[PDB]
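Just below is one structure, and these are the notes that go with it.
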Amino acid sequence: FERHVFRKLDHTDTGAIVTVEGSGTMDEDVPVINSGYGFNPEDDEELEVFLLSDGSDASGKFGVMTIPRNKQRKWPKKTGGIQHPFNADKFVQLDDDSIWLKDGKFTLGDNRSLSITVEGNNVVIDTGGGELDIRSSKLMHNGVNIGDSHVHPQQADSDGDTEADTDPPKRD
Amino acid sequence: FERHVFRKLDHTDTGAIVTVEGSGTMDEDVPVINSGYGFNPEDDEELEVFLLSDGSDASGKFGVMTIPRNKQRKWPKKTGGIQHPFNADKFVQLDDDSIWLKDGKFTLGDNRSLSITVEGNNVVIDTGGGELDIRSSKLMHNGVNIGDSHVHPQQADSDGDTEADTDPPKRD
Amino acid sequence: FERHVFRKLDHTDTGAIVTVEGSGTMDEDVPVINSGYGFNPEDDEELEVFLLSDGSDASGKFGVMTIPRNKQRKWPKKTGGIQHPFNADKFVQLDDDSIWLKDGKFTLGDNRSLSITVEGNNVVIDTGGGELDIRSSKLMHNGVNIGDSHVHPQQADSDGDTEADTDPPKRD
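Chains as they are written, first to last, in this note's numbering: chain W, 1 to 172; chain R, 1001 to 1172; chain G, 2001 to 2172.
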């Protein structure tokens, strides 16, 4: 077990190659362990990379990258999750109340087409890349039918001849 | 390498101070390797904490906190993801069918304003924060246009006179 | 410290037990430390599993599983997250631009009832016959009110001439 500090990370076919100081430990270190979480920090950024030696052989040293210590989120009690490796306020939380995500902009899909924003507590859903079709038995807004089964009542006309509720939305 | 049990965890500027028993290995075993996933367990939990010493130096020790042994989910074949640290029901799964999130409630945004729930197969989308605005070339419920371009057919009045299709929704 | 390949993973009450190919080092091995992220690979998969021993005692030794490196994602600079352990294009990214999820299908809830798709930007939201109820001070589409507070102007009767706007959508 030994301790060194990160400078440079490069990609290859079978993992990531890093140079982590501690003298010129190696220009191209043996690939790093992922275990599910990985990131690509910028060149020469504060963070530390522990190296584990295969047996006692100095020829093999797997790194264990860690989030920068200035940027570790102080999670609340009985909570956990993952976070942006360079900021403590863009994270994902799985709690006893609800699956909580925090960020100033949300996106989904292959090409980030489905974009959702919660700016100022409002809702701005943007999917301008195509059509929007919803399936649901009976739709509301504030508990009032606004979907495919609503009808608009009429009122008195110029001749005073009252009318009834109009027909539902047209079918193409 | 050595194994230990968890006693108490408190936050710190550049890590997480933890007591791990083992005859009191240290009142604050400051280092806690953070590779993306972390949590703040309650005092005196069943989970087991391993300690790793920098080289052979017994002064420096790094902890590797683990999910409690008695609360580990049994994932299905060809699946993986992160889970609620203290329960096997609230989790996230990335599979060959769909990005699956399981929980009894859903919240988003900076202050959980955008709240979504899925109870008893139903859908309850709450955005009490404020206004809701959607951008899309269409809005079709069950495949029927109810968006900004729908229009209502009209029927005969008390005078027997038939009108034409209604105008689109009023524009502010 | 040693390094080996994965052979077969079996579930058990105390955790997940995996047998590796260290000359049959153990058919019923010490479990895989579950630091949040875990997965259940198919039998005889190519991935590689390390193994550490509690102290120098060879009787007990924990292993740490790694994502197979032929399916390792090459994250962009200033980015990180978790991925599908068997594919590099099914992942979640927490960036400095937006919380990004990539997948051909999206599901939520206890039983995947709330299903969302973003195929070709053609947003398709399916609730499996559920009751979609939305709460918001004002619902809009393309910047036009189509919610619970929209009204429809109408046309001129035949011998009845003009008339006022319609009533709001019918209540239940």
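Backbone N, C-alpha and C define an ideal beta-carbon position, used for all residues, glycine too.
### Query
What does a CB cutoff of less than 6 angstroms around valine 2124/G pick up in its chain, not counting 5 residues either side in sequence?
Hits under 6 angstroms: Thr2117.
### Query
Do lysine 8/W and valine 30/W have their C-beta atoms closer together than 8 angstroms?
Result no, Cβ atoms of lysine 8/W and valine 30/W do not sit closer than 8 angstroms.
### Task
May I have the straight-line CA-CA distance separating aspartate 2010/G from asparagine 34/W, to the nearest angstrom?
Taking the straight line joining both Cα atoms gives about 22 angstroms.
### Query
Going by alpha carbons, who is nearest to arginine 135/W out of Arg1135/R, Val1092/R and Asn1122/R?
Answer by Cα proximity: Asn1122/R.
### Task
State the beta-bridge partners of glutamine 2093/G as determined by DSSP.
According to DSSP, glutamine 2093/G bridges with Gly2081/G and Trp2100/G.
### Query
Under a three-way DSSP split, which group does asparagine 1122/R fall into?
Collapsing the DSSP output to three states places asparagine 1122/R in coil.
### Task
Go ahead and pull the three-state DSSP assignment for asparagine 1070/R.
Helix at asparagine 1070/R.
### Query
Are at least three pairs of beta-carbons, each pair with one atom in the stretch 134-148 of chain W and one in the stretch 2134-2152 of chain G, less than 8 angstroms apart?
Between the stretch 134-148 of chain W and the stretch 2134-2152 of chain G, the count of Cβ pairs shorter than 8 angstroms is three or higher; the stretches touch.
### Query
In its own chain, which residues sit with a C-beta less than 6 angstroms from the C-beta of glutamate 48/W, not counting the 5 before and 5 after it?
A distance below 6 angstroms between beta-carbons, with the five flanking residues on each side excluded, links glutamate 48/W to the following residues of its chain, in chain order: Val5 and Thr66.
### Task
Can you tell me which of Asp159/W, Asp96/W and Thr166/W puts its alpha carbon nearest to the alpha carbon of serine 149/W?
Looking only at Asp159/W, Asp96/W and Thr166/W, the smallest Cα-Cα distance to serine 149/W is reached by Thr166/W.
### Query
Which chain G residues are close to residue 209/W, counting only those with a beta carbon under 8 angstroms from its beta carbon?
Here chain W comprises residues numbered 1 to 172, so residue 209/W is not present and cannot be evaluated.
### Message
Between the alpha carbons of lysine 1090/R and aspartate 1096/R, how many angstroms are there, rounded?
### Response
Distance from the CA of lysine 1090/R to the CA of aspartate 1096/R, rounded to the nearest whole angstrom, comes to 20 angstroms.
### CA-to-CA distance, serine 1053/R to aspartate 1027/R, given in whole angstroms
So the alpha carbons of these two residues sit roughly 16 angstroms apart.
### Query
Can a CB atom of chain R be found closer than 8 angstroms to the CB of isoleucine 17/W?
Not closer than 8 angstroms to any Cβ of chain R, the Cβ of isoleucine 17/W fails to qualify, so no.
### Task
Answer with yes or no whether the minimum CB distance from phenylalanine 2086/G to chain R is below 8 angstroms.
Interface residue, yes.
### Task
Please state if the CB of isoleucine 2099/G and the CB of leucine 101/W are separated by a distance shorter than 8 angstroms.
The Cβ atoms of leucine 101/W and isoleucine 2099/G sit closer than 8 angstroms to each other.
#### Entry: Residue interval of the beta strand (DSSP E) (run including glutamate 2002/G)
Looking at the DSSP string, the run of the beta strand (DSSP E) that includes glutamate 2002/G is 2002-2012.
### Message
Can you confirm whether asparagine 2145/G, when its beta carbon is compared against all beta carbons of chain R, has any partner nearer than 8 angstroms?
### Response
With 8 angstroms as the cut-off, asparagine 2145/G counts as an interface residue toward chain R.
### Query
Does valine 1151/R come within less than 8 angstroms of chain W when only Cβ atoms are used?
With 8 angstroms as the cut-off, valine 1151/R counts as an interface residue toward chain W.
### Query
Cβ of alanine 88/W within 8 angstroms of Cβ of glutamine 72/W?
Inclusion of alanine 88/W and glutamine 72/W in the CB contact set at 8 angstroms is warranted, their separation being smaller than that value.
#### Entry: chain W residues whose Cβ lies nearer than 8 angstroms to that of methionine 1140/R
By Cβ distance, chain W contributes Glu131, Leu132, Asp133 and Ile134.
### Query
Under the rule that 16 or more other beta-carbon atoms within 10 Å means buried, what is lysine 1074/R, buried or exposed?
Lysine 1074/R comes out exposed.
### Query
So, is the C-beta of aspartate 1044/R closer than 8 angstroms to a C-beta in chain W?
Residue-level contact by beta carbon fails for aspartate 1044/R and chain W, as no gap is shorter than 8 angstroms.
#### Entry: Top-ranked residue by Cα proximity to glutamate 2163/G, from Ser158/W, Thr162/W, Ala164/W and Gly120/W
Each of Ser158/W, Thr162/W, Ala164/W and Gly120/W was checked against the Cα of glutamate 2163/G, and the nearest Cα belongs to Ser158/W.
### Query
Which bits of chain A does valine 2020/G rub up against, with CB to CB less than 9 angstroms?
Of the protein chains in this structure, namely W, R and G, none is chain A.
### Task
State the start and end residues of the unbroken beta strand (DSSP E) segment that holds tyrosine 37/W.
DSSP places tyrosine 37/W in the uninterrupted beta strand (DSSP E) bounded by 37-39.
### Query
How many angstroms separate the CA atom of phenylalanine 2106/G from the CA atom of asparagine 1040/R?
Straight-line Cα distance between these residues: approximately 30 angstroms.
### Query
With a Cβ-Cβ cutoff of 8 angstroms, do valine 92/W and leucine 2108/G count as a contact?
Cβ distance not < 8 angstroms, so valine 92/W and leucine 2108/G don't count as in contact.
#### Entry: Within-8 angstroms CB hit, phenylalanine 1001/R to chain G
Yes, contact with chain G.
### Message
8 angstroms is my cut-off, CB to CB: does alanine 1164/R come that close to chain G?
### Response
Yes, contact with chain G.
### Span of the beta strand (DSSP E) around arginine 112/W
Taken as a continuous stretch (DSSP letters only), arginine 112/W belongs to no beta strand (DSSP E), as it is neither H nor E.
### Query
Does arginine 171/W get closer than 8 angstroms to chain G when you measure Cβ to Cβ?
No, because no Cβ of chain G sits closer than 8 angstroms to the Cβ of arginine 171/W.
### Query
What is the DSSP secondary structure of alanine 2058/G, reduced to helix, strand or coil?
Correct three-state label for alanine 2058/G: coil.
### Message
Taking only three categories from DSSP, how would you classify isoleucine 1134/R?
### Response
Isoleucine 1134/R sits in a strand when the DSSP states are folded into three classes.
### Task
Put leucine 139/W into one of helix, strand or coil per three-state DSSP.
Secondary structure of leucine 139/W (DSSP, three-state): coil.
### Query
Closer than 9 angstroms, Cβ to any Cβ of chain W: which residues of the stretch 2092-2107 of chain G, in chain order?
Those residues of the stretch 2092-2107 of chain G that come within reach of chain W (Cβ to Cβ, closer than 9 angstroms) are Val2092, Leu2094, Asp2095, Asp2096, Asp2097, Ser2098, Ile2099, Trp2100, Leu2101, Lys2102, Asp2103, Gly2104 and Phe2106.
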